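Visitor: Chains as they are written, first to last, in the entry's author numbering: chain B, 0 to 124; chain D, 0 to 124; chain A, 1 to 366; chain C, 1 to 366.
#1: Using a beta-carbon distance below 9 Å, is residue 2 of chain D in contact with chain B?
#2: Give me the Cα-Cα distance between residue 57 of chain A and residue 102 of chain B, rounded to the nearest whole angstrom.
#3: In chain order, what residues of the same chain lie with their CB nearer than 7 Å to the CB of residue 60 of chain D, ignoring the 5 residues before and after it?
#4: Which residue from A:341, A:69 and A:364 puts its Cα closest to that of residue 189 of chain A?
#5: For a contact meaning CB atoms closer than 8 Å, what does residue 82 of chain D contact in chain B?
#6: Nearest CA to the CA of residue 1 of chain C: which residue from C:151, C:270 and C:186?
#7: Using beta carbons (cut-off 9 Å, strictly below), is residue 12 of chain A in contact with chain B?
#8: Considering only residues of the same chain and omitting the five flanking positions on each side of residue 20 of chain A, which have a CB-CB separation below 7 Å?
#9: Of all the CB atoms in chain A, is at least one closer than 9 Å to the CB of residue 106 of chain B?
#10: Do we get a CB-CB distance below 9 Å when we pair residue 79 of chain B with the residues of chain D?
#11: When we look at the beta-carbon of residue 27 of chain D and count the other beta-carbons within 10 Å, is it buried (16 or more) or exposed?
#12: Would you check if the stretch 108-119 of chain A and the stretch 221-235 of chain A touch, i.e. whether three or more CB-CB distances between them fall below 8 Å?
#13: Would the beta-carbon of residue 44 of chain C fall within 9 Å of that of residue 113 of chain D?
#14: Thinking residue 160 of chain C and residue 144 of chain C are a contact (beta carbons under 8 Å), I'd like their distance in whole angstroms, please.
#15: Can you list, in chain order, the residues of its chain whose CB lies under 7 Å from that of residue 26 of chain A, leaving out five sequence neighbours each side?
#16: Determine the extent of the alpha helix (DSSP H) in which residue 195 of chain A is found, giving its start and end residues.
#17: Determine the contact status of residue 291 of chain A and residue 310 of chain A, defining contact as a CB-CB distance below 9 Å.
#18: So, does the stretch 258-268 of chain C touch the stretch 322-336 of chain C, judging by three or more C-beta pairs under 8 Å?
#19: Can you pull the chain A neighbours of residue 69 of chain B, defined as C-beta to C-beta under 8 Å?
#20: Determine contact between the stretch 163-170 of chain A and the stretch 245-258 of chain A, defined as no fewer than three beta-carbon pairs at a distance below 8 Å.
#21: Among the candidates A:78, A:301, A:257 and A:149, whose CA atom is the shortest distance from the CA of residue 222 of chain A?
#22: From which residue to which residue does the alpha helix (DSSP H) around residue 28 of chain A run?
#23: Which first and last residues belong to the beta strand (DSSP E) in which residue 42 of chain D is found?
#24: In angstroms, rounded to a whole number, what distance separates the CA positions of residue 202 of chain A and residue 235 of chain A?
#25: If you check the beta carbons only, do residue 61 of chain C and residue 108 of chain C fall under 9 Å apart?
#26: Residue 209 of chain C touches chain D at which residues, Cβ-Cβ below 9 Å?
#27: Please name the residue in D:2, D:3, D:75 and D:13 whose C-alpha comes closest to that of residue 122 of chain B.
#28: Is the CB-CB distance between residue 9 of chain D and residue 10 of chain B below 9 Å?
#29: How far does the alpha helix (DSSP H) with residue 234 of chain C in it reach, from first residue to last?
#30: Is residue 331 of chain A near residue 65 of chain A, with beta carbons less than 9 Å apart?
#31: Can a CB atom of chain D be found closer than 9 Å to the CB of residue 6 of chain B?
#32: Whose CA, out of A:333, A:251 and A:216, lies closest to the CA of residue 194 of chain A?
#33: Which term fits residue 123 of chain C, buried or exposed, when burial requires 16 or more other beta carbons within 10 angstroms of its beta carbon?
#34: Does residue 312 of chain C come within less than 9 Å of chain D when only Cβ atoms are used?
#35: State yes or no: is the C-beta of residue 90 of chain C within less than 9 Å of the C-beta of residue 338 of chain C?
#36: Out of C:350, C:265 and C:288, state which residue places its alpha-carbon closest to the alpha-carbon of residue 81 of chain C.
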């Protein structure tokens, strides 16, 4: 596996707090055009929370997190970030980082992406 | 900087729980012989919590964490781990990862090490 | 490393793993050999990692595009099907599992793009791309739109571009010619010119993407859209009276969408190759096995004819099968990362107006 | 990028940053140019990173070993001190800051290993290494031990090994000869033979490390130990009646501990070089500036003689200075990562008995 994703920045945050997450991509990542973020509660289906289109900068957000989460990619650092603002207790889950060169379906689907990271845990009380 | 340290695996953990931290070293790390772990409470001096000697496998632990923490290094993965067992509320701090080729003082001193990581945060309630 | 006397099969989590388990139960009832069905997370990266060390499942299920790279790495063993079983599957499906002149896997299911149209807003979908402007003007006279789809994906924009002879890599005698690329040929130039003309004439928006197209179609604002079988559940939930037909032709030539074939590969280090082949040929790739797997999770078009004419009663399945037959089979070599990048850049440049069609296609070719 | 009209100095957090701030206040009172003193975290890593981009502090404080690599990267500007100021500092201190025939930084403080002995258990420390076995036997007759130190560090084991002509890299006319290494010469062979003989004769434990040695000396279980100025505070807390003297000689030749010199470098991209040089020469490197810095944080031996004889009233400072003078100045080239690795492997192999002294030194050399 020449493409690796590492997640960090998950923390214990009260309701209404702000948190940020980072995902570093290493290796031959010149052909990756989609960067997406996924969260998975224990015993729950992995749901798409955000997605980014590298070629044009287009961003995708789910209905539950629209207007609250901001995802951006730093080309000079090869790292994608997601701003977790206005947190609620329902937002606690294991947050994953995903990347894919291309796809035939919606960029908010887990099967859309090929590369997956280890994941980080964010808890909101 | 050819040597990079990334800290991950720190999470919101209740009292008495068990947590494991990971620190991945990348680049020209063939000459590093000391791996150390440091924790720093907000507004507090950075204190040494554990240290590892790569050449012989010798380990060092502070008095407050002796018999409770276990630090080990995986050569096949170039990652050093520390097992945080029997947690107490006093253990909350920002945990750092440190590495050094050599040193002239005790391996539990912050000035001993040359390479420093970003740091992971562990909270115990 | 792989335990003998039993079969281990790894399948993706979006496929029919329970149906695969039922087929394995039938196999163990028939022969006495237990079958284990699993859906490991991150399968696409886990399978090569464990296969490089001589471990992994006996049988692997994945799309045929990665199977070429797997066979290049030596992670797939050669299969030896007889002519009797080969005649049971389609010639293009057999072509999908050919690398270096040797068969490497067994085709299972065939997926391809198809034209999805609204029956209420359009009882008779057009058969040609040239009718789309007139139909769109007629619908705009009623305050609607005819067709908009994902323009941000080369996988979606290829059927129109490569309708008149365009192709990704030249295929001759079971080998793909890397140095021969038809991105900037006359047919692709004409297709991209038609696409950019449609964009400029306000018939379609250059910023339209998958989410916008899907929302517009399920809200009844459009007459046609281009999508695969994966959205059929979404339109069914949206309760839109939709139909699926063959993609419109361009200058008399049928569209050539990319064809993805789900196929069954055999691990090179697996010591249960004979029983795996027997299971695939006589218990999985049968009418009962295919119908069980489809009952668990739909597969769309299938390689077997004995079940393909059975599924042909569904107009959507028939349209998907004919579109796959008329389309371009997806090759299995690593340089299509570069191919996707180049075609995406050319399409964005042509749609955004920064570069002309000829310049964009030349840049993609180079 | 660096703002003109002011001085920015970056210093480590374990040094006298408050004293540096006081010296900067004196400088701004005298001249009208403000001085900013900071103690950034991860200084040794961030300073090259910001200096490679044309930014960073005007003056940098660090040991001279990394200044060679900094000059190789071009991050240090050549200084031009006159003979009057050069005579104020020691010739070996000036040598420690010379690379490629040019002076790159101003020496500040000198640190080196020294012999620390217990006055109560040993009023007269031995002057030779050959007396240590007899002294250890006499102390073991009373249930104590003579000397145990860090055998796990080449930095600590070097003074005994390189006492009789051993050296790391040959130094001639301001240049270090990489191809000329004296790891396996006669003097180093004799020193390592003496060390392994001491280990085998139960006089010292091969597994003894820094923590064990420090605890044993602070608990009064040992008569002597080898440590730098950094352990003086710990011993003072332990209230052990300790003394610091010159390291014992081997075969009549004094020990050669590695010498680390804190030095003042000037950024190449800094446009305030003239005022930085004036500040260093006339306000920092003076008796008042050195005493102001030492009041905040002790510096041990200093490059300036005017402060050096004044500090010489302390026996510990005098012993550290004489040990540094008789020792080997630490060179400043990157290959000593390999040097440390090789010497550490040789020492471990010799002490553990897996390899003989000659074989271990040959392996370290190769």
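Idealized CB from N, CA, C, for every residue including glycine.
Guide: On the basis of the supplied data:
#1: no
#2: 26 Å
#3: 49 and 68
#4: A:364
#5: Correct list: empty, because the minimum Cβ distance to chain B is about 18 Å.
#6: C:270
#7: yes
#8: 9, 11, 37 and 293
#9: yes
#10: no
#11: exposed
#12: yes
#13: yes
#14: Their Cβ separation, rounded to whole angstroms, is 21 Å, which puts residue 160 of chain C and residue 144 of chain C out of contact at 8 Å.
#15: 283
#16: 186-200
#17: yes
#18: yes
#19: By Cβ distance, chain A contributes nothing, its closest Cβ being about 18 Å from residue 69 of chain B, past 8 Å.
#20: yes
#21: A:149
#22: 17-31
#23: Note, residue 42 of chain D: premise wrong, no beta strand (DSSP E); not H, not E.
#24: 26 Å
#25: yes
#26: 52, 57, 59 and 106
#27: D:13
#28: yes
#29: 232-238
#30: yes
#31: yes
#32: A:251
#33: exposed
#34: no
#35: no
#36: C:265
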